[PDB]
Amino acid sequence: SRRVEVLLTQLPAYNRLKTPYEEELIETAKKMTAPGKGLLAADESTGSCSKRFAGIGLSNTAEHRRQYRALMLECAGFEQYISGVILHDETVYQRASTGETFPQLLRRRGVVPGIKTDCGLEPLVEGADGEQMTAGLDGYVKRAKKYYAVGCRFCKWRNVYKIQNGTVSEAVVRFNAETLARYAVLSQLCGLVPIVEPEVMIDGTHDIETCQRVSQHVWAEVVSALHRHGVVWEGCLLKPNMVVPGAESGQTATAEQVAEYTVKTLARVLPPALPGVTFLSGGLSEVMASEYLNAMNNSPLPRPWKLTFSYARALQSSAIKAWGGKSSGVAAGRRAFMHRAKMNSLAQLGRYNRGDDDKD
């Protein structure tokens, strides 16, 4: 019976993060997952913008990127369907034609400004060839505090897992979960609700059963790491892949099968304290992203968290094409964007109707 006085915070059971932003994080996460609403992901890097602009022949300039974001952000009415916007670093500091910064414009319209804070994918080195880690934890706290100061209240960080030969290395499962869990707690320290995005990628010839197994294994380790690093569950969101066949598999799945595989997987791993899941659209078409989300919101399986969207291409592809990079296409681009936002709003509610969609 040799005893010693220690700090509670030195004991394993007392590892939970203490952040003065806890109540605000919880309130933001609730606003982000309001019924009928989801996130617009507008956080494409300048490299992604080249790809987005390739079809319409728009040169990749800072000004053109601003106009592409403005097509969507200066569109009246999207706050009916969109609870938050993930901005790219460059856009956070750009100005709308109203005179305000994009974060200020968002806040005036009751939409939560967020920021993509990761610094991109790099070779994992460990594990198997083609696996990738995500950079950006150095100087993270300073960056996150600066974003909070200009009005951001949530952030996003993407890690990816590449299925090859039906599996992924344990090295990538452990290391990317550890990265995401460290990102999440640093974000909460600085007042940003972290969107934790562990994307099992659609690329490859795997079937939906393989996607299910790998997703469940990857996400369970993300959850384990989040407990170990002491995340405030109530102030955190997950942005996972849906569980679908790989893009080169030649296997198809119905919306109901996708919903069943996805929700059963989440239900096996994801604490109900986490307020919401904002699915990424990845390789899905515009319409499939709406149909699949709608089917999840009609699933009879346990789904205590809100199931909604955080869509990039699935909100913007038609809109960019109709815009064409020209001021004369602004009207048509806005109509296309607003249509998609409405469809995804309905899908969150489980009330989307494919027949109404495929109209235009």
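So that there is no doubt, residue numbering starts at 1 and follows the sequence shown.
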Report summary line: Between 63 to 71 and 310 to 318, the record assigns the higher mean Cα B factor to 63 to 71
Query - Residue range whose averaged C-alpha B-factor is higher in the record, 146 to 154 or 263 to 271 - result: 146 to 154
Query - Residue of maximum C-alpha B factor among 194, 84, 246, 99, per deposited coordinates - result: 99
Query raised in the report: For the listed 330, 32, 296, 40, which has the peak Cα B-factor recorded in the PDB entry?
Result: 330
Query raised in the report: Going by the entry, which third of its chain does the Cα temperature factor of residue 19 land in?
Result: highest
Report summary line: Sorting the chain's modelled residues by C-alpha B-factor and splitting them into thirds places residue 209 in the middle
Report summary line: Binned into thirds over the chain's modelled residues, the C-alpha B-factor of residue 76 lands in the highest
Report task. Rank-wise, by C-alpha B-factor, drop residue 236 into the lowest, middle or highest third of its chain. Result -> lowest
Requested in this report: Give the position of residue 250 by CA B-factor within its chain, expressed as the lowest, middle or highest third.
Outcome: highest
